[PDB]
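Trainee: Let me give you the structure first, and then I'll get to my questions.
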Amino acid sequence: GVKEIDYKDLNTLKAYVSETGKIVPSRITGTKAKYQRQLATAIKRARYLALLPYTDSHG
Amino acid sequence: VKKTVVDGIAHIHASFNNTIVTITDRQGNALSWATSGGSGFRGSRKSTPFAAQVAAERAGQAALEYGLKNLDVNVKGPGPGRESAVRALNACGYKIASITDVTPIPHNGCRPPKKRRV
Amino acid sequence: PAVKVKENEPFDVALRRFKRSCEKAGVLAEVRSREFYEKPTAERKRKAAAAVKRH
Amino acid sequence: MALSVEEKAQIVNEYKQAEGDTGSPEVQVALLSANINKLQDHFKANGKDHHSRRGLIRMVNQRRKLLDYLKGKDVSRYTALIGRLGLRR
Amino acid sequence: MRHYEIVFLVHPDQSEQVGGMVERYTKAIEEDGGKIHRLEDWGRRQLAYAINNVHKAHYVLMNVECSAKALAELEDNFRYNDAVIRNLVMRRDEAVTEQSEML
RNA sequence: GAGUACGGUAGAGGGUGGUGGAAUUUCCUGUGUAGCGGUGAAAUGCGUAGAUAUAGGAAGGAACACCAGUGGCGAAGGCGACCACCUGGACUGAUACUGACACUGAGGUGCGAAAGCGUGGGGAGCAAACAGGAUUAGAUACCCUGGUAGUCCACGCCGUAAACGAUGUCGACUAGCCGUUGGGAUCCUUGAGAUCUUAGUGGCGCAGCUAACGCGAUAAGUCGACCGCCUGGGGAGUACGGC
């Protein structure tokens with residue numbers, strides 16, 4: 001599973017997005033520190049382009 | 001008069017000191033409202049879940065005159081009565097389609113007041 | 001912080017799922033923390049104690 | 001490290017003492033001088049960049065230390081270096 | 001001479017001239033040594049939230065290789081054009097050509 | 001030892017401009033009617049001139065929820081939204097190069113939280129002063145309602161903090177055990193863990209030291225180079241003079 005984390009790749013992004021739209025901590029998912037830092041920057045960067053909601057109560 | 005509204009929305013502005021329940025339509029046009037402080041509960045009793053359901057039940061029957069049977073619950077804010085007011089909406093004739101917490105969460109925005117040195 | 005009531009279940013169990021969604025999101029804890037302004041010294045002192053207890 | 005690899009490769013061969021030489025003081029001083037002069041443009045536009053100025057001062061102190069060592073070793077080589085580079089202002 | 005990845009949202013009412021805009025940009029970017037290494041069109045996607053009032057927009061993906069002048073000129077086009085909204089310019093250390101969103 | 005040349009890695013390192021979402025406030029409009037707000041309880045306050053609540057719209061400023069972590073970067077002070085541009089350093093691997101070019105450092109010079117000061121902007125929230133309401137024997141407070149400077153920005157000044165690890169910098173040596181960040185090497189090529197090594201970051205702990213508390217490879221142990229500082233408490237980091 002040699003996958004590169006990126007903001008377009010939404011399918012694995014939702015795996016690390018909580019039900020309310022937050023980012024799940026690394027403790028819950030057991031993600032490496034390096035991956036989570038790059039994971040977080042992808043979620044925020046994709047959040048900008050309206051690919052993901054900033055929060056569930058948008059509107 | 002009778003607006004004859006079938007679908008509504010119920011808002012519970014539960015706070016640490018008072019609980020304000022407001023029944024509104026899908027477009028945010030209010031019909032009835034009641035508060036814990038307006039139900040004879042003043043002071044220590046205004047911040048009690050029992051006062052919250054009395055407010056919800058008082059506004060609940062005032063809202064059936066519009067012929068309202070369906071509503072969505074929009075509870076907002078912390079306090080003793082966020083859930084006790086919703087349980088009052090079940091006692092009177094109603095079915096709740098959804099229950100949603102709409103409590104505002106700043107994303108580290110405006111500075112809150114200082115700690116109380118009580 | 002948002003649940004949908006389904007067909008043919010009591011409204012009581014609809015409530016219990018609702019607060020279970022609430023503490024999962026932790027909205028009550030968030031509003032409690034934003035009630036008053038915690039100074040950076042008090043916030044860093046709290047987090048240092050949190051790390052000590054965790055270890 | 002504001003100098004590109006081309007600029008670094010450019011100035012190393014004009015100041016190398018022999019083939020493959022990148023550690024001789026002439027290369028070091030020339031390497032620092034080109035970086036020192038290049039950064040002057042940045043600090044003109046960015047006058048509040050105190051943190052990057054700490055690195056620039058280090059490059060200035062490093063060049064001074066190298067020139068003082070070259071002073072002791074061979075004064076003739078030192079004289080040609082500053083004349084070619086236009087130091088000792 | 002730096003690889004830039006650009007993703008911008010076009011207004012849904014201006015969805016049929018996104019081809020007219022992109023063909024203008026690609027011509028206007030390669031006139032000074034630019035090249036397009038990647039170019040998709042994700043189409044009319046439903047927005048997670050309303051940008052200003054629209055809940056859907058025309059996403060365009062474009063990866064280029066330009067200079068400072070060309071990138072500033074292109075970014076100027078995005079700013080003074082109400083057709084495009086919510087643009088983002090990325091810097092890349094290497095050029096890519098895969099899809100990674102179409103599939 | 002110190003340094004240079006090359007590839008790469010991580011980062012809230014710094015500076016200059018844009019951009020986003022949540023929320024607060026203010027204003028406009030619709031619904032709607034007796035309270036809202038606050039407290040231990042009240043009252044000042046807001047509200048029948050229609051408040052709070054609710055919905056739609058607009059302006060503006062400030063900080064960047066989740067990620068977030070005895071996590072990271074920085075000489076320290078400090079640095080948390082995203083992106084673009086300019087830029088410093090560190091870590092990492094081998095080869096190549098100079099060949100002691102080093103350490104410390106009185107003077108000196110530079111940076112230095114917050115508050116504060118000057119000029120000009122800006123001002124949503126918070127809030128010294130101030131005003132009113134409570135409490136109290138009194139309350140120049142704690143609590144509540146408001147609220148100015150200030151907090152924000154640019155350019156200058158100040159130069160102080162429990163500026164703390166209350167532990168100067170640099171180099172070498174001295175059992176181990178359990179975590180964690182950025183790398184590297186070998187087994188595992190494993191799909192996926194294990195063993196060494198390095199730069200940090202933590203918790204125990206032998207020896208050793210300590211008045212004790214405790215430190216214990218991030219030493220307060222064994223040494224070496226240099227520097228700064230102390231000589232009972234108060235008077236007093238005050239007076240006087242100098243800058």
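Chain lettering (A, B, ...) mirrors the order of the structure tokens, residue numbering begins at 1 for each chain separately, and ligand numbering begins at 1 in order of display.
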Applying 12 Å and only C-alpha atoms (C1' of nucleotides), which residues near residue 31 in chain B remain after dropping the ones on its own chain fewer than 5 positions away? List them as a VMD selection string.
Mentor: (chain B and resid 1 to 5 8 to 11 21 to 26 59 to 68) or (chain F and resid 31 to 33 53 to 54)
Trainee: Extract, using only C-alpha atoms (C1' of nucleotides), all DNA, RNA and protein residues at most 7 Å from range 30-44 of chain A, discarding same-chain residues fewer than 2 positions from it, and format them as an MDAnalysis selection string.
Mentor: (chainID A and resid 5:7 13 26:28 46:48) or (chainID F and resid 67)
Trainee: Please produce a file of those selected residues containing N, CA and C atoms (P, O5', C5', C4', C3', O3' and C1' of nucleotides), as a PDB file, in the first residue's frame.
Mentor:
```pdb
ATOM      1  N   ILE A   5      -0.217  10.697   0.435  1.00  0.00           N
ATOM      2  CA  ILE A   5      -1.318  11.502   0.945  1.00  0.00           C
ATOM      3  C   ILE A   5      -1.355  12.831   0.197  1.00  0.00           C
ATOM      4  N   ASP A   6      -2.542  13.206  -0.276  1.00  0.00           N
ATOM      5  CA  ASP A   6      -2.721  14.422  -1.055  1.00  0.00           C
ATOM      6  C   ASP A   6      -4.146  14.915  -0.851  1.00  0.00           C
ATOM      7  N   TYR A   7      -4.370  16.200  -1.144  1.00  0.00           N
ATOM      8  CA  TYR A   7      -5.663  16.799  -0.826  1.00  0.00           C
ATOM      9  C   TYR A   7      -6.766  16.327  -1.767  1.00  0.00           C
ATOM     10  N   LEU A  13      -9.055  10.571   2.865  1.00  0.00           N
ATOM     11  CA  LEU A  13      -9.228  11.730   3.734  1.00  0.00           C
ATOM     12  C   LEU A  13     -10.408  11.554   4.680  1.00  0.00           C
ATOM     13  N   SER A  26      -4.173  11.446  16.305  1.00  0.00           N
ATOM     14  CA  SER A  26      -3.335  10.306  15.946  1.00  0.00           C
ATOM     15  C   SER A  26      -3.474   9.164  16.942  1.00  0.00           C
ATOM     16  N   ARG A  27      -3.824   9.466  18.194  1.00  0.00           N
ATOM     17  CA  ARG A  27      -3.987   8.410  19.188  1.00  0.00           C
ATOM     18  C   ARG A  27      -5.138   7.481  18.824  1.00  0.00           C
ATOM     19  N   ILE A  28      -6.243   8.041  18.331  1.00  0.00           N
ATOM     20  CA  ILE A  28      -7.405   7.223  17.996  1.00  0.00           C
ATOM     21  C   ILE A  28      -7.110   6.334  16.795  1.00  0.00           C
ATOM     22  N   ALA A  46      -7.669  20.959   1.416  1.00  0.00           N
ATOM     23  CA  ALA A  46      -8.889  20.556   0.728  1.00  0.00           C
ATOM     24  C   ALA A  46     -10.111  21.261   1.298  1.00  0.00           C
ATOM     25  N   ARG A  47     -10.096  21.572   2.597  1.00  0.00           N
ATOM     26  CA  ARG A  47     -11.183  22.343   3.194  1.00  0.00           C
ATOM     27  C   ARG A  47     -11.350  23.683   2.495  1.00  0.00           C
ATOM     28  N   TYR A  48     -10.244  24.274   2.045  1.00  0.00           N
ATOM     29  CA  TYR A  48     -10.306  25.582   1.409  1.00  0.00           C
ATOM     30  C   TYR A  48     -11.102  25.513   0.112  1.00  0.00           C
TER      31      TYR A  48
ATOM     32  P     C F  67      -7.248  17.549  18.580  1.00  0.00           P
ATOM     33  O5'   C F  67      -6.283  17.357  17.327  1.00  0.00           O
ATOM     34  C5'   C F  67      -6.443  16.266  16.432  1.00  0.00           C
ATOM     35  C4'   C F  67      -5.720  16.517  15.134  1.00  0.00           C
ATOM     36  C3'   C F  67      -4.224  16.773  15.255  1.00  0.00           C
ATOM     37  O3'   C F  67      -3.481  15.567  15.254  1.00  0.00           O
ATOM     38  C1'   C F  67      -5.221  18.449  13.899  1.00  0.00           C
TER      39        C F  67
END
```
Trainee: At most 12 Å is the cut-off: for each residue in chain F with any atom that close to an atom of chain A, write down the nearest atom pair and the distance in Å rounded to one decimal, counting only C-alpha atoms (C1' of nucleotides), chain first then increasing number, as CSV.
Mentor:
```
residue,atom,partner,partner_atom,distance
F:9,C1',A:34,CA,11.0
F:10,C1',A:34,CA,8.5
F:11,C1',A:37,CA,10.5
F:19,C1',A:48,CA,9.3
F:20,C1',A:48,CA,6.2
F:21,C1',A:54,CA,6.4
F:22,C1',A:54,CA,8.1
F:65,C1',A:22,CA,9.0
F:66,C1',A:22,CA,4.6
F:67,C1',A:23,CA,5.5
F:68,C1',A:25,CA,8.1
F:69,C1',A:26,CA,8.7
F:71,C1',A:33,CA,8.7
F:72,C1',A:37,CA,10.7
F:81,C1',A:44,CA,8.3
F:82,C1',A:45,CA,6.5
F:83,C1',A:45,CA,9.0
F:180,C1',A:33,CA,9.9
F:181,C1',A:33,CA,8.1
F:182,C1',A:34,CA,9.4
F:191,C1',A:1,CA,8.9
F:192,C1',A:1,CA,11.3
```
Trainee: Between CA of residue 52 in chain D and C1' of residue 89 in chain F, what distance in Å does the model show, to one decimal?
Mentor: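 A separation of 8.6 Å between them.
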Trainee: Separation of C1' of residue 235 in chain F and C1' of residue 162 in chain F, in Å?
Mentor: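 If I compute the distance from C1' of residue 235 in chain F to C1' of residue 162 in chain F, I get 25.2 Å.
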Trainee: Do you have, as a tab-separated table, the list of residues of chain E lying at most 12 Å from chain A, each with its nearest atom pair and that distance in Å to one decimal, counting only C-alpha atoms and ordered by chain then number?
Mentor:
```
residue	atom	partner	partner_atom	distance
E:5	CA	A:8	CA	12.0
E:6	CA	A:49	CA	11.3
E:7	CA	A:49	CA	8.2
E:8	CA	A:49	CA	8.0
E:9	CA	A:49	CA	7.8
E:10	CA	A:49	CA	11.4
E:42	CA	A:8	CA	10.5
E:45	CA	A:51	CA	8.8
E:46	CA	A:51	CA	8.6
E:47	CA	A:50	CA	5.5
E:48	CA	A:50	CA	5.2
E:49	CA	A:50	CA	6.2
E:50	CA	A:59	CA	8.0
E:51	CA	A:50	CA	7.8
E:52	CA	A:59	CA	11.5
E:53	CA	A:59	CA	10.7
E:54	CA	A:50	CA	11.2
E:55	CA	A:50	CA	9.4
E:56	CA	A:50	CA	9.4
E:57	CA	A:50	CA	9.6
E:58	CA	A:49	CA	11.3
E:59	CA	A:49	CA	9.0
E:60	CA	A:49	CA	11.2
E:61	CA	A:8	CA	10.1
E:85	CA	A:49	CA	9.6
E:86	CA	A:49	CA	6.5
E:87	CA	A:49	CA	7.6
E:88	CA	A:49	CA	7.9
E:89	CA	A:45	CA	11.0
E:90	CA	A:45	CA	10.3
E:99	CA	A:8	CA	9.8
E:100	CA	A:9	CA	6.7
E:101	CA	A:8	CA	6.1
E:102	CA	A:8	CA	9.8
E:103	CA	A:9	CA	10.0
```
Trainee: Kindly indicate which residue among E:96, E:21, E:72, E:64 lies nearest to chain F, using only C-alpha atoms (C1' of nucleotides) for the distances.
Mentor: E:72
Trainee: Per DSSP on the backbone, what are the alpha helix (DSSP H) residues of chain D, as a PyMOL selection string?
Mentor: chain D and resi 5-15+25-45+50-73+75-85
Trainee: Mind pulling up the distance from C1' of residue 7 in chain F to CA of residue 27 in chain D?
Mentor: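 Going from CA of residue 27 in chain D over to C1' of residue 7 in chain F, I get 20.9 Å.
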Trainee: Find the residues around range 31-43 of chain D up to 12 Å (only C-alpha atoms (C1' of nucleotides) counted), leave out those fewer than 6 positions away in its own chain, and share them as a VMD selection string.
Mentor: (chain D and resid 1 to 5 7 to 16 22 to 25 49 to 67 81 to 82 84 to 88) or (chain F and resid 4 to 5 14 to 16 85 to 88)
Trainee: Taking 6 positions as the minimum chain separation for residues in the same chain, which residues sit within 12 Å of residue 57 in chain F when counting only C-alpha atoms (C1' of nucleotides)? Answer as a PyMOL selection string.
Mentor: chain F and resi 27-30
